[PDB]
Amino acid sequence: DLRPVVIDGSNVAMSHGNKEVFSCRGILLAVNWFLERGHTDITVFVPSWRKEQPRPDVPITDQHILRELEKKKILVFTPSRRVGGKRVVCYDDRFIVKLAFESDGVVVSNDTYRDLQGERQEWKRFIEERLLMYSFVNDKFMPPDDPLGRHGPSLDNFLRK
């Protein structure tokens, strides 16, 4: 029944808590929301530099959650590294999109990826049809019952095949 679920870990962690803080529980909270409904195939994507320790230079909370979810075969780090002077991160976005697209699943994010809509035509289609936004109120992950709006489908149908 249930469509595969690809979450954008950075979109979510940033949303949750302080907007200027990578809040890892946001990620957990999202994952459980899908775990409670019965979903078993969930990928969260997050860049690999988010493991390093510490980045007292980038604010973050409950970092230990990231490896916990990697262990449960849900979180997957995206590649990154330090080239010459600074840093180089393989867009999280392409992994998130590709995966969902190639698994005919859904993407949990409030990013619409207007660049990736623009690059490939087929992807623009997919995002319009299968992005799933949300709001957080404190620790409460609240996705809409009307994900495409009055005219599209009910949330339960959105998560089915």
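All residue numbers refer to positions in the sequence shown, first residue = 1.
Undergrad: So, looking at the entry's B-factor column for Cα atoms, which has the higher mean, 103-111 or 51-59?
TA: In the deposited entry, the stretch with the higher C-alpha B-factor mean is 51-59.
Undergrad: Look over 151-159 and 1-9 in the entry and identify the one with the greater average Cα temperature factor.
TA: Comparing averages over the C-alpha atoms only gives 151-159.
Undergrad: Per the PDB entry, which option out of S135, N32, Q121, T43 has the greatest Cα B factor?
TA: Within the set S135, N32, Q121, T43, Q121 shows the top C-alpha B-factor.
Undergrad: Taking the chain's C-alpha temperature factors as the reference, tell me which third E70 falls into: lowest, middle or highest.
TA: As the PDB entry reports it, the C-alpha B-factor of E70 lands in the lowest third of its chain.
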